[PDB]
>>> print(open('upload_21.tsv').read())   # TSV, C-alpha atoms
chain	number	residue	atom	x	y	z
A	299	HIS	CA	-18.38	102.69	56.15
A	300	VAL	CA	-17.80	103.78	59.75
A	301	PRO	CA	-17.82	107.62	59.74
A	302	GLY	CA	-14.71	109.20	61.19
A	303	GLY	CA	-13.57	110.04	64.73
A	304	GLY	CA	-15.80	111.61	67.40
A	305	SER	CA	-13.75	110.87	70.52
A	306	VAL	CA	-11.53	113.05	72.80
A	307	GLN	CA	-10.48	112.84	76.50
A	308	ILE	CA	-9.91	115.69	79.00
A	309	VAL	CA	-6.57	117.48	79.52
A	310	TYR	CA	-6.71	117.24	83.30
A	311	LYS	CA	-4.38	116.79	86.24
A	312	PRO	CA	-5.88	117.35	89.72
A	313	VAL	CA	-4.12	119.82	92.02
A	314	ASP	CA	-2.64	119.08	95.46
A	315	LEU	CA	0.19	120.29	97.73
A	316	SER	CA	3.04	118.08	99.17
A	317	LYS	CA	5.95	118.82	101.52
A	318	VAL	CA	4.75	122.36	102.36
A	319	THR	CA	6.49	122.79	105.77
A	320	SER	CA	4.72	124.88	108.51
A	321	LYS	CA	8.01	126.86	109.05
A	322	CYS	CA	6.42	129.92	110.80
A	323	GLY	CA	8.47	131.70	113.54
A	324	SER	CA	5.52	131.31	116.05
A	325	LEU	CA	7.63	128.99	118.36
A	326	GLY	CA	11.05	129.85	116.81
A	327	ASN	CA	13.12	130.07	120.08
A	328	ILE	CA	13.38	128.17	123.44
A	329	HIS	CA	16.74	129.27	124.99
A	330	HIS	CA	17.14	131.10	128.36
A	331	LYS	CA	19.76	132.36	130.89
A	332	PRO	CA	18.79	133.60	134.44
A	333	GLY	CA	18.98	137.33	135.40
A	334	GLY	CA	21.99	136.68	137.71
A	335	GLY	CA	22.20	134.76	141.05
A	336	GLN	CA	21.05	135.69	144.60
A	337	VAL	CA	23.74	137.40	146.80
A	338	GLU	CA	24.06	139.42	150.07
A	339	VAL	CA	25.64	142.94	149.81
A	340	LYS	CA	23.91	144.89	152.67
A	341	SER	CA	25.91	143.67	155.75
A	342	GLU	CA	29.35	144.43	157.35
A	343	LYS	CA	31.79	141.74	158.75
A	344	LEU	CA	32.31	143.68	162.08
A	345	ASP	CA	35.69	141.86	162.49
A	346	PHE	CA	37.04	143.97	165.45
A	347	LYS	CA	39.42	141.43	167.14
B	340	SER	CA	-9.23	147.88	118.41
B	341	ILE	CA	-7.21	148.85	115.36
B	342	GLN	CA	-5.57	145.61	116.02
B	343	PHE	CA	-1.78	145.16	116.27
B	344	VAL	CA	-0.30	141.70	116.91
B	345	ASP	CA	0.25	140.94	120.55
B	346	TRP	CA	3.96	140.38	119.84
B	347	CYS	CA	4.58	143.75	118.22
B	348	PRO	CA	3.77	146.58	120.70
B	349	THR	CA	6.52	148.80	119.12
B	350	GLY	CA	5.33	148.29	115.47
B	351	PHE	CA	5.43	151.96	114.34
B	352	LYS	CA	7.92	154.40	112.73
B	353	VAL	CA	8.08	157.99	111.66
B	354	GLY	CA	9.85	160.32	109.36
B	355	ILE	CA	9.04	164.06	109.03
B	356	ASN	CA	10.41	165.98	106.06
B	357	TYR	CA	10.38	169.83	105.75
B	358	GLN	CA	9.62	169.87	102.01
B	359	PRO	CA	5.86	169.82	101.33
B	360	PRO	CA	4.17	167.86	98.50
B	361	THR	CA	3.44	169.37	95.11
B	362	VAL	CA	0.89	168.45	92.42
B	363	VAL	CA	1.58	168.64	88.70
B	364	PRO	CA	-0.11	171.50	86.85
B	365	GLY	CA	-3.67	170.60	85.87
B	366	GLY	CA	-3.61	167.77	88.37
B	367	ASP	CA	-6.32	166.47	90.66
B	368	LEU	CA	-5.60	167.37	94.29
B	369	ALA	CA	-5.55	170.29	96.79
B	370	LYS	CA	-2.56	172.31	98.12
B	371	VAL	CA	-1.80	171.21	101.70
B	372	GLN	CA	0.72	172.51	104.26
B	373	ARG	CA	1.22	168.88	105.33
B	374	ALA	CA	0.97	165.42	103.90
B	375	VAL	CA	1.64	161.75	104.84
B	376	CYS	CA	2.52	158.40	103.34
B	377	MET	CA	2.06	155.18	105.26
B	378	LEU	CA	3.53	151.65	104.69
B	379	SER	CA	1.87	149.11	106.99
B	380	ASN	CA	2.23	145.40	107.07
B	381	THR	CA	-0.96	143.54	108.02
B	382	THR	CA	-2.23	139.99	107.69
B	383	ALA	CA	-5.34	141.36	105.87
B	384	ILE	CA	-3.65	140.99	102.45
B	385	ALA	CA	-3.75	137.15	102.92
B	386	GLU	CA	-7.16	137.19	101.21
B	387	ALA	CA	-5.31	137.96	98.06
B	388	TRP	CA	-2.83	135.09	98.80
B	389	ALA	CA	-5.91	132.85	99.12
B	390	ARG	CA	-7.43	134.42	95.94
B	391	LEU	CA	-4.32	133.32	93.96
B	392	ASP	CA	-4.82	129.95	95.62
B	393	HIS	CA	-8.38	129.75	94.03
B	394	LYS	CA	-7.45	131.22	90.68
B	395	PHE	CA	-4.44	128.91	90.30
B	396	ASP	CA	-6.17	125.76	91.38
B	397	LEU	CA	-9.29	126.36	89.20
B	398	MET	CA	-7.40	126.94	85.96
B	399	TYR	CA	-4.20	124.85	86.49
B	400	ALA	CA	-6.16	121.60	87.29
B	401	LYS	CA	-7.51	122.23	83.76
B	402	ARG	CA	-3.88	122.94	82.59
B	403	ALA	CA	-5.29	125.84	80.50
B	404	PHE	CA	-2.62	128.12	78.86
B	405	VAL	CA	0.26	126.08	80.49
B	406	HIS	CA	1.71	125.23	77.04
B	407	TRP	CA	2.34	128.97	76.32
B	408	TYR	CA	4.77	129.17	79.29
B	409	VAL	CA	6.24	125.80	78.60
B	410	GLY	CA	6.72	126.55	74.90
B	411	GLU	CA	8.84	129.61	75.84
B	412	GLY	CA	11.16	127.73	78.11
B	413	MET	CA	9.59	126.83	81.46
B	414	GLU	CA	8.47	123.34	82.63
B	415	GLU	CA	5.27	122.29	84.38
B	416	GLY	CA	7.37	121.45	87.38
B	417	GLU	CA	8.45	125.09	88.02
B	418	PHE	CA	4.81	126.17	87.73
B	419	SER	CA	4.31	123.82	90.71
B	420	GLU	CA	7.64	124.86	92.36
B	421	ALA	CA	6.07	128.35	92.45
B	422	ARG	CA	2.60	127.28	93.62
B	423	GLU	CA	3.91	125.32	96.59
B	424	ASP	CA	6.48	128.07	97.43
B	425	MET	CA	3.60	130.56	97.48
B	426	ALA	CA	1.76	128.12	99.78
B	427	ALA	CA	4.53	128.61	102.35
B	428	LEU	CA	3.76	132.36	102.20
B	429	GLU	CA	0.06	131.65	102.50
B	430	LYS	CA	0.11	129.21	105.46
B	431	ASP	CA	2.63	131.55	107.17
B	432	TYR	CA	0.11	134.44	106.94
B	433	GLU	CA	-2.42	131.91	108.32
B	434	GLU	CA	-0.24	131.62	111.51
B	435	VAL	CA	1.91	134.82	112.09
B	436	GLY	CA	-0.83	137.04	113.61
B	437	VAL	CA	-1.47	134.62	116.57
B	438	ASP	CA	-0.75	135.53	120.19
B	439	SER	CA	2.50	134.57	121.96
B	440	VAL	CA	0.65	132.19	124.33
B	441	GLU	CA	2.00	128.75	125.28
B	442	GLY	CA	0.56	125.79	127.23
B	443	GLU	CA	-2.36	123.46	126.94
B	444	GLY	CA	-5.91	123.16	128.35
B	445	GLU	CA	-8.08	126.25	128.79
B	446	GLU	CA	-7.05	129.54	130.40
B	447	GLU	CA	-9.28	129.36	133.51
B	448	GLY	CA	-11.56	127.01	135.43
B	449	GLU	CA	-12.74	125.43	138.69
B	450	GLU	CA	-11.41	123.17	141.53
B	451	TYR	CA	-12.55	121.42	144.77
>>> encode(input="upload_21.tsv", output="structure tokens")
Amino acid sequence: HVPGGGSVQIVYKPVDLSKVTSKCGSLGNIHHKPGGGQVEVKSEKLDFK
Amino acid sequence: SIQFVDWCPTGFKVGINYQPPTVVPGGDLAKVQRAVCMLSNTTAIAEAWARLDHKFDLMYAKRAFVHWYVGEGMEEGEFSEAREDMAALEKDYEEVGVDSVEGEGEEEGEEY
């Protein structure tokens, strides 16, 4: 007679991470509009015919 | 030196109420003409994010107790759904407190 059993195997799945996006707001915007254009407002026309 | 993120110079708020605290009879504390609660967000709590990263990975790779949650109506997949979602909180706390600096190479140097 061969005496019974004496054999198991481990309940084991290794852990890892997939498709974890680096979605931080650290560079979250790029858009700009200038603070108006350059103009002259200080001078008269002096249009005395 | 009590360090606030370079991108939040305004990061404070106040209320002031006219009603003082009070302490149940037989309680532990003094009587005080003034008192304060504070609610402050800081990256320092990320060490607990990372502590749940160590305690999940240690015991879940061993799938210990997983069958108790599963047997009551979850699946193993949603116990990973959660892990990974928490990872996106954890890696975010690993990046949010950085400075609003842009551009490449070092900050200063030499030339001929």
>>> interface_residues(input="upload_21.tsv", of="chain A", to="chain B", cutoff="6 Å", atoms="all atoms listed in the file", output="CSV table (one decimal) with C-alpha atoms, in the coordinates of the input")
chain,number,residue,atom,x,y,z
A,310,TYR,CA,-6.7,117.2,83.3
A,311,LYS,CA,-4.4,116.8,86.2
A,312,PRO,CA,-5.9,117.4,89.7
A,313,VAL,CA,-4.1,119.8,92.0
A,322,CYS,CA,6.4,129.9,110.8
>>> atom_distance(input="upload_21.tsv", atom1="CA of residue 345 (chain B)", atom2="CA of residue 442 (chain B)")
16.6 Å
>>> closest_residue(input="upload_21.tsv", among="A:324, A:331, A:343, A:317", to="residue 344 (chain B)", atoms="only C-alpha atoms")
A:324
>>> axis_aligned_box(input="upload_21.tsv", around="region 315-328 of chain A", padding_each_side="4 Å", output="lines of an AutoDock Vina configuration file")
center_x = 6.8
center_y = 124.9
center_z = 110.6
size_x = 21.2
size_y = 21.6
size_z = 33.7
>>> residues_near_point(input="upload_21.tsv", point="(7.4, 147.3, 105.5)", cutoff="12 Å", atoms="all atoms listed in the file", output="number ranges by chain")
B: 350-352, 377-381
>>> closest_residue(input="upload_21.tsv", among="B:413, B:347, B:421, B:355", to="residue 373 (chain B)", atoms="all atoms listed in the file")
B:355
>>> atom_distance(input="upload_21.tsv", atom1="CA of residue 393 (chain B)", atom2="CA of residue 318 (chain A)")
17.2 Å
>>> atom_distance(input="upload_21.tsv", atom1="CA of residue 385 (chain B)", atom2="CA of residue 320 (chain A)")
15.9 Å
>>> closest_residue(input="upload_21.tsv", among="B:416, B:356, B:369, B:383", to="residue 342 (chain B)", atoms="only C-alpha atoms")
B:383
>>> closest_residue(input="upload_21.tsv", among="B:388, B:420, B:445, B:450", to="residue 315 (chain A)", atoms="only C-alpha atoms")
B:420
>>> closest_residue(input="upload_21.tsv", among="B:444, B:382, B:374, B:363", to="residue 343 (chain B)", atoms="all atoms listed in the file")
B:382
>>> closest_residue(input="upload_21.tsv", among="B:409, B:376, B:341, B:389", to="residue 354 (chain B)", atoms="only C-alpha atoms")
B:376
>>> build_atoms(input="upload_21.tsv", residues="region 392-409 of chain B", atoms="N, CA and C atoms", output="PDB file, in the coordinates of the input")
ATOM      1  N   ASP B 392      -4.623 131.367  95.363  1.00  0.00           N
ATOM      2  CA  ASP B 392      -4.820 129.950  95.620  1.00  0.00           C
ATOM      3  C   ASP B 392      -6.038 129.437  94.866  1.00  0.00           C
ATOM      4  N   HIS B 393      -7.138 130.165  94.657  1.00  0.00           N
ATOM      5  CA  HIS B 393      -8.380 129.750  94.030  1.00  0.00           C
ATOM      6  C   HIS B 393      -8.263 129.882  92.518  1.00  0.00           C
ATOM      7  N   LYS B 394      -7.770 131.038  92.080  1.00  0.00           N
ATOM      8  CA  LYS B 394      -7.450 131.220  90.680  1.00  0.00           C
ATOM      9  C   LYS B 394      -6.322 130.349  90.128  1.00  0.00           C
ATOM     10  N   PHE B 395      -5.391 129.811  90.905  1.00  0.00           N
ATOM     11  CA  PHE B 395      -4.440 128.910  90.300  1.00  0.00           C
ATOM     12  C   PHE B 395      -5.029 127.505  90.216  1.00  0.00           C
ATOM     13  N   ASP B 396      -5.703 127.139  91.307  1.00  0.00           N
ATOM     14  CA  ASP B 396      -6.170 125.760  91.380  1.00  0.00           C
ATOM     15  C   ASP B 396      -7.265 125.470  90.360  1.00  0.00           C
ATOM     16  N   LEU B 397      -8.213 126.393  90.166  1.00  0.00           N
ATOM     17  CA  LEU B 397      -9.290 126.360  89.200  1.00  0.00           C
ATOM     18  C   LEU B 397      -8.810 126.136  87.764  1.00  0.00           C
ATOM     19  N   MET B 398      -7.819 126.934  87.355  1.00  0.00           N
ATOM     20  CA  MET B 398      -7.400 126.940  85.960  1.00  0.00           C
ATOM     21  C   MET B 398      -6.243 125.992  85.694  1.00  0.00           C
ATOM     22  N   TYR B 399      -5.279 125.804  86.605  1.00  0.00           N
ATOM     23  CA  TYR B 399      -4.200 124.850  86.490  1.00  0.00           C
ATOM     24  C   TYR B 399      -4.605 123.382  86.571  1.00  0.00           C
ATOM     25  N   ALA B 400      -5.664 122.964  87.272  1.00  0.00           N
ATOM     26  CA  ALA B 400      -6.160 121.600  87.290  1.00  0.00           C
ATOM     27  C   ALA B 400      -6.632 121.276  85.881  1.00  0.00           C
ATOM     28  N   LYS B 401      -7.139 122.284  85.163  1.00  0.00           N
ATOM     29  CA  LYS B 401      -7.510 122.230  83.760  1.00  0.00           C
ATOM     30  C   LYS B 401      -6.331 122.382  82.808  1.00  0.00           C
ATOM     31  N   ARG B 402      -5.107 122.591  83.285  1.00  0.00           N
ATOM     32  CA  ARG B 402      -3.880 122.940  82.590  1.00  0.00           C
ATOM     33  C   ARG B 402      -4.121 123.889  81.425  1.00  0.00           C
ATOM     34  N   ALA B 403      -4.967 124.914  81.566  1.00  0.00           N
ATOM     35  CA  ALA B 403      -5.290 125.840  80.500  1.00  0.00           C
ATOM     36  C   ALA B 403      -4.085 126.773  80.384  1.00  0.00           C
ATOM     37  N   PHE B 404      -3.701 127.215  79.186  1.00  0.00           N
ATOM     38  CA  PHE B 404      -2.620 128.120  78.860  1.00  0.00           C
ATOM     39  C   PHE B 404      -1.227 127.698  79.299  1.00  0.00           C
ATOM     40  N   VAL B 405      -1.009 126.577  79.992  1.00  0.00           N
ATOM     41  CA  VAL B 405       0.260 126.080  80.490  1.00  0.00           C
ATOM     42  C   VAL B 405       1.315 125.878  79.412  1.00  0.00           C
ATOM     43  N   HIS B 406       0.875 125.538  78.191  1.00  0.00           N
ATOM     44  CA  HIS B 406       1.710 125.230  77.040  1.00  0.00           C
ATOM     45  C   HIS B 406       2.316 126.515  76.497  1.00  0.00           C
ATOM     46  N   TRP B 407       1.705 127.696  76.591  1.00  0.00           N
ATOM     47  CA  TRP B 407       2.340 128.970  76.320  1.00  0.00           C
ATOM     48  C   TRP B 407       3.556 129.290  77.174  1.00  0.00           C
ATOM     49  N   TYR B 408       3.599 128.968  78.467  1.00  0.00           N
ATOM     50  CA  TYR B 408       4.770 129.170  79.290  1.00  0.00           C
ATOM     51  C   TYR B 408       5.864 128.141  79.039  1.00  0.00           C
ATOM     52  N   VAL B 409       5.351 126.920  78.897  1.00  0.00           N
ATOM     53  CA  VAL B 409       6.240 125.800  78.600  1.00  0.00           C
ATOM     54  C   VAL B 409       6.930 125.974  77.260  1.00  0.00           C
TER      55      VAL B 409
END
